[PDB]
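Only one chain is given next, in structure tokens, and it is the form deposited in one PDB entry.
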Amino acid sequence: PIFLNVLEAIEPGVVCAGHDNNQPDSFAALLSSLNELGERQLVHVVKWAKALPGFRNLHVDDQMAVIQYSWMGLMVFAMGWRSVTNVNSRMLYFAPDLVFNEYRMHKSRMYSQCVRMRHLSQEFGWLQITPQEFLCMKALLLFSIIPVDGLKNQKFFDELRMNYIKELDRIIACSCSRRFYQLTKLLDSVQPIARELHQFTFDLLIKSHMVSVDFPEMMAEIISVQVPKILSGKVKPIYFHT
């Protein structure tokens, strides 16, 4: 099981937000901590993606683009997994030092987005997603959002994505169609969540200095240059179902 060996081997370890849990929960503090967490996880996502089977087959520019478009979906998917794994789904396990209870979901001003993420977390439970289904789905997520004008080498991308789909199907196969159906619906359900988070972070970046939220430099760059391409519809998710 070469493919599965790789995905398991490359899976990132624990990442902390560096949040001060001893201090009363403010909007500014919670959101600055989520931003810092995002920046730290982006480093890990980049090294993960580069080690994925076939990833180096893409043009350098497509490598960068797929990561910049997909990171929100990928991080949310992993966060959902951690959440089923560690806590119990009233809660969102962003990091060991950054666990959201309902009170925090409210103070972050992200309550409804958090409700969507928790629904995702719960779905992993209800579908009884295996660790190996999780790993293959996460890999697929990196190849599920592209510019409508195409990538530099769209042909290699379409081939990469096909191969990850085949890998998910094998992991299922090893009825079957019911399971593939359910997993593809679950993958699709990540995309509305990512879209609402993209809107939210974009708004927050615009009004950031007003509300005293810090955006690390890499975060501010991607949210101002790449996230607006998704919100304006220049970059769109690939859905399995209509």
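Sequential numbering from 1, following the sequence displayed.
As for the form deposited with a partner chain bound, it is not shown, yet the points below apply to it.
In summary, the region of this chain contacting the partner chain in the bound PDB entry, judged by heavy atoms within 4.5 Å and restricted to 182-190, 200-208, 23-31, 57-65, corresponds to 57-65.
The closest non-hydrogen atom of residue 218 lies within 4.5 Å of the partner chain in the bound PDB entry. Interface residue remark: residue 176 is not counted as part of the site for the partner chain in the bound PDB entry, having no heavy atom within 4.5 Å. The partner chain in the bound PDB entry is not approached by residue 52, whose heavy atoms all lie more than 4.5 angstroms from it.
Residue contact with the partner chain in the bound PDB entry: residue 222 places a heavy atom within 4.5 Å of it.
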